[PDB]
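Understanding the architecture of this molecule
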Amino acid sequence: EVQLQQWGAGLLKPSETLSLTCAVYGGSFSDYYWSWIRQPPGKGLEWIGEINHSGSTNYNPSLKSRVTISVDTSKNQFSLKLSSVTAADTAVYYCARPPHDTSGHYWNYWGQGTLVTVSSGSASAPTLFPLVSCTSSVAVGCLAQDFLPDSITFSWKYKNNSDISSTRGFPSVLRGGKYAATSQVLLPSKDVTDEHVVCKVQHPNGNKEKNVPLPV
Amino acid sequence: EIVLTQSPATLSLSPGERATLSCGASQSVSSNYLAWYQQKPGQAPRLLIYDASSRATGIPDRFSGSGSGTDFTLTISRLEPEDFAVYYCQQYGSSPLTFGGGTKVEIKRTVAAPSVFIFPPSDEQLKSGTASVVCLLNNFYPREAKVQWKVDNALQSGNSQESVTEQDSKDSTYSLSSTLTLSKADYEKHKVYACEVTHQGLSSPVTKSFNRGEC
């Protein structure tokens with residue numbers, strides 16, 4: 001019945017300012033207090049602040065010093081600005097709306113979320129390395145490293161170019177302000193002829209591939 | 001700020017069973033101004049209960065809320081498969097609006113010990129200056145598993161990171177990857193590399209090692 005669409009820079013360096021926006025389609029834009037809420041990868045939710053169409057704001061004192069939320073009734077949008085960012089502000093930010101203008105501030109409408117990452121590094125495509133092993137199924141892997149932001153997807157192809165379906169998917173881990181992620185296919189032991197398989201990853205900064213030698 | 005505390009951190013049940021999750025508050029929440037949400041991987045929180053005990057539109061009555069003051073409860077009377085997720089409580093009785101830390105409702109199945117693999121850093125990465133030693137544990141249950149790195153039998157600490165998958169949708173198991181990271185230098189100064197894995201499906205801790213250069 002109502003859609004909130006968000007956007008804004010997803011990657012920043014320490015000390016800069018985070019800037020996000022949320023647009024409302026449907027219902028009235030008036031009187032509701034529109035909120036921004038965030039969630040650090042792997043943690044729980046923190047409410048940041050809210051603003052109604054008249055400009056009235058309520059802020060979580062945990063951020064007051066650095067937060068500014070504002071509204072634009074001519075576009076039916078509201079926006080969030082968070083200054084002097086640090087890695088701690090890396091998180092999925094959401095905009096949200098309560099069901100009634102004069103009721104509890106709990107939220108039935110939510111934006112899709114915007115991941116915003118704050119790192120000292122610069123955006124980079126991942127560099128790929130093969131994981132050769134050493135149960136009637138052998139494991140073959142691919143390691144993706146030094147990539148940012150954290151937006152990767154793997155896929156596997158046989159020398160014969162047919163897809164490998166046997167995919168296993170792990171969450172990236174953060175280090176040095178950049179990310180790494182691994183992936184593996186489990187190939188039945190008795191498949192000894194192909195000398196390798198091909199690992200592939202897609203990333204905003206460029207897609208890569210690397211053949212992963214079949215062992216034994 | 002009101003601290004919401006949820007327990008247990010994980011609830012491991014089977015479809016059909018009743019789930020009861022607690023959300024204690026550190027001061028009382030006025031007028032029973034408390035909401036519950038569900039959240040699935042990558043999705044925005046989804047409203048289930050508002051005003052402590054009222055179901056949001058479309059929420060099936062297997063879901064019910066209750067409680068008051070500093071103590072609230074969410075009950076799922078007979079879990080269905082799609083009910084396994086994370087849940088958060090949220091108070092809107094005073095400012096600032098706060099959330100609890102959540103509780104994961106996880107599928108409980110029979111014990112499954114992991115298959116284990118270790119992988120030496122590639123020769124190519126070694127040239128770039130770092131060695132990433134990797135150990136995988138596949139398809140095990142329950143989720144707790146200790147992965148330990150040994151280098152020349154020196155128990156290694158603070159130079160590894162792990163990453164665990166979501167519960168498999170079909171077989172309810174987990175897989176976990178651990179990475180031990182050393183300079184090429186240190187990697188060079190040693191020889192036996194070992195990944196010791198302990199899991200309750202295992203009668204004795206398993207170990208996969210390899211000798212540098214021998215792989």
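Residues numbered from 1 in each chain as written, not as in the entry; some residues may be left out. Chains lettered and ligands numbered in written order. Heavy atoms only, no water.

1. Thoughts on the overall build of chain B
This is how it is decided: Per the convention used, a helix needs a DSSP run of H or I reaching at least four residues, while a strand needs a run of E reaching at least two, with both numbered from the N terminus. Here's how the labels work: a residue is buried when its accessible area is under 20% of the maximum for its type, exposed when over 50%, partly exposed in between, all with a 1.4 Å probe on protein chains only. What makes two residues a contact is simply this: any of their non-hydrogen atoms within 4.5 Å. Only the protein chains shown count as cover for residues, and all accessible areas are computed by the Shrake-Rupley method using a 1.4 Å probe. The sign given to each residue is positive for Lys and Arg and negative for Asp and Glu; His and the chain ends receive no count. Charged side chains are reduced to one point each, which is NZ for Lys, CZ for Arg, CG for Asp and CD for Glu.
Assigned secondary structure in chain B consists of two helices and 19 strands. Taking the principal axes of the C-alpha coordinates as reference, chain B spans close to 65 × 35 × 25 Å. Taking all 215 residues of chain B together, 47% fall into the buried category. For chain B, the share of sequence-separated contacts (at least 6 apart) that also reach a separation of at least 24 residues comes to 58%. Approximately 9600 Å² of chain B is accessible, and the part contributed by carbon and sulfur atoms is 43%. On chain B, the mean spot of the 19 positive side-chain charges and the mean spot of the 21 negative ones are 3 Å from each other.

2. A few points about the state of the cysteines
Stated formally: By definition, disulfides here are pairs of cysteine sulfur atoms that lie within 2.5 Å.
Tallying each qualifying case throughout the model produces four disulfides over all chains. The disulfide bridge from A:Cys142 ends at A:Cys199, spanning 2.0 Å between sulfur atoms. Taking the torsion about the sulfur-sulfur bond, which here is approximately -80 degrees, the covalent link between A:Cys142 and A:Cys199 counts as left-handed. Take A:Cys142: its relative accessible area is 0%, and that puts it in the buried class. Judged by relative accessible area, which is 0%, A:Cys199 ranks as buried. In this model, B:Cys23 is linked to B:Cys89 through a disulfide, with the two sulfur atoms separated by 2.1 Å. Note on the B:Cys23 and B:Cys89 pair: the S-S dihedral is about 80 degrees, so by sign convention the disulfide is right-handed. Of the two residues, B:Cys23 sits in strand β3 (residues 19-25) while B:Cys89 sits in strand β9 (residues 86-91), which places them 66 residues apart along the sequence. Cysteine pairing in chain B follows 1-2, 3-4, where each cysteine in a disulfide is numbered by its order in the sequence.

3. A few points about the nonpolar core
The condition that has to hold: As used in this record, nonpolar core signifies buried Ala, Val, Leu, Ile, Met, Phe, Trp, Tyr and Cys residues forming a set joined through side-chain atoms within 4.5 Å.
Grouped together as the largest cluster of nonpolar side chains are 41 residues, with contacts concentrated most on A:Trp107, B:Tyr87 and B:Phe99. When sequence neighbours within four positions are dropped, the list of residues in contact with B:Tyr87 reads B:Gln6, B:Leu21, B:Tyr37, B:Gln38, B:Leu48, B:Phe63, B:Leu74, B:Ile76, B:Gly102, B:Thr103 and B:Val105. One finds A:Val2, A:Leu20, A:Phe29 and A:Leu82 within the second-largest nonpolar core, a separate group that totals 27 residues.

4. With respect to the packing of aromatic side chains
For any pair of aromatic rings, the description rests on two quantities: the centre-to-centre distance and the angle between the ring planes. Applied cut-off: Between 30 and 60 degrees the pair is tilted, below 30 it is stacked and above 60 it is edge-to-face, where a pair is any two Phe, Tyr or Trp rings, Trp via its six-membered ring, whose centres lie within 6.5 Å. Distance and angle both matter: a charge sits over a ring if NZ of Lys or CZ of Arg is within 6 Å of the ring centre and within 35 degrees of the ring normal.
This structure, assessed with the given rule, holds 17 aromatic pairs over all chains. When the centroid spacing of 5.2 Å and the interplanar angle of 15 degrees are considered together, the rings of A:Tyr106 and B:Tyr50 count as stacked. Residue A:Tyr106 is found in the loop between β9 (91-97) and β10 (109-110), and its partner B:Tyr50 is found in strand β5 (residues 46-50); the two belong to separate chains. Relative accessible area serves as the criterion here: at 23%, B:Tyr50 is assigned to the partly exposed category. Grouped by ring-pair contacts, the aromatic residues A:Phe29, A:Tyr32, A:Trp34, A:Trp36 and A:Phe78 constitute a single cluster. The ring of A:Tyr32 has A:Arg97 lying over it, and the distance from NZ or CZ to the ring centre is 3.7 Å. Here the basic side chain of B:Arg143 rests over the ring of B:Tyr174, its NZ or CZ set 5.6 Å away from the ring centre.

5. Observations regarding the interface of chain A and chain B
Put simply, the rule is: Accessible area that two parts lose when put together, evaluated with a 1.4 Å probe and summed over both, is termed the buried area. Any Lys or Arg side-chain nitrogen found within 4 Å of a carboxyl oxygen on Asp or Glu counts as a salt bridge. Definition of a polar contact: a pair of N or O atoms within 3.5 Å, with one able to donate and the other able to accept a hydrogen when the atoms are protein atoms, and with sequence-neighbouring residues admitted only if both atoms are side-chain atoms.
Across the contact, 39 residues belong to chain A and 41 residues belong to chain B. Summed over both sides, the interface between chain A and chain B buries roughly 3300 Å², with carbon and sulfur atoms accounting for 62% of that surface. When the buried area of chain A at its contact with chain B is split by residue, A:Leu45, A:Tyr106 and A:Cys134 rank highest and sum to 18% of it. Linking chain A to chain B there are one salt bridge. With a shortest N-O distance of 2.5 Å, B:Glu124 and A:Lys210 are connected by a salt bridge. On the surface where chain A and chain B come into contact, there are 14 residue pairs in polar contact. Elements that contribute at least two residues to the side of chain A that touches chain B include exactly β4 (34-39), β5 (46-51), β12 (127-132), β13 (138-147), β16 (167-169), β17 (173-175) and β18 (178-187) of chain A.

This is a description of form; function is not addressed.
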